[PDB]
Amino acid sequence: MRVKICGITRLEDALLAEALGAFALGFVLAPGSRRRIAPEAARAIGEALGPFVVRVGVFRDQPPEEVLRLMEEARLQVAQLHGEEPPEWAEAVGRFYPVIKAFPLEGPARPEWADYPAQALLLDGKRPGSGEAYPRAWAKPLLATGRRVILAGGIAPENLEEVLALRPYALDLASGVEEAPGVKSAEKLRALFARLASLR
């Protein structure tokens, strides 16, 4: 199963996540987040990573002119629009980078989202980065569309069997592997990736 570790703020965490087998790493550049990091910093960390890990930039309600300039600034490869950006904007950025669109789940997901112009659709719980989970089924309607779906929302090594069952494109983790918001736990990560291979 593909795993993305979001909210990276330290070299230490990026390297461990990479070593454990993460396919992608998230770098939050949305002013006002509990996991925000300076673009220049995210780039420094990127100079330290290997070429086979995707660098994702996370934004929120920022004009394409902004995002594209930030993406370049931090030398990122994929843009995650976590605000409520217009498909027009997603399209403008999607013209330079693959785009992942975030969508809150206050219940069932409107299959019409599979219509949003993004290479991946992320199903996150009520609040963004609030470690709040939700019932596994709430993803059915979107997964049904066949679009690549990334499951997030309080995922952790404990309740993997659930999300893993749905067999989505990838899993996105943050709180589930942190000792604190923005700080990762070597142990948590270790077990997580230990569980996965175990559930081969």
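Throughout, we count residues from 1 along the sequence that is shown.
For the pair 22-30 and 155-163, the record assigns the higher mean C-alpha temperature factor to 155-163. If you average the C-alpha B-factors over 93-101 and over 106-114, the higher value belongs to 106-114. When the C-alpha B factors of 57, 50, 64, 141 are read from the deposited coordinates, the top value falls at 141. Sorting 150, 37, 68, 133 by the CA temperature factor given in the entry leaves 133 at the top. Annotation for residue 72: C-alpha temperature factor in the lowest third relative to the rest of the modelled chain, per the entry. Ranked by Cα temperature factor within the chain, residue 15 sits in the lowest third according to the deposited record.
The deposited CA B-factor of residue 8 belongs to the lowest third of values across its chain. Sort the chain's modelled residues by C-alpha temperature factor and residue 171 lands in the middle third, per the entry.
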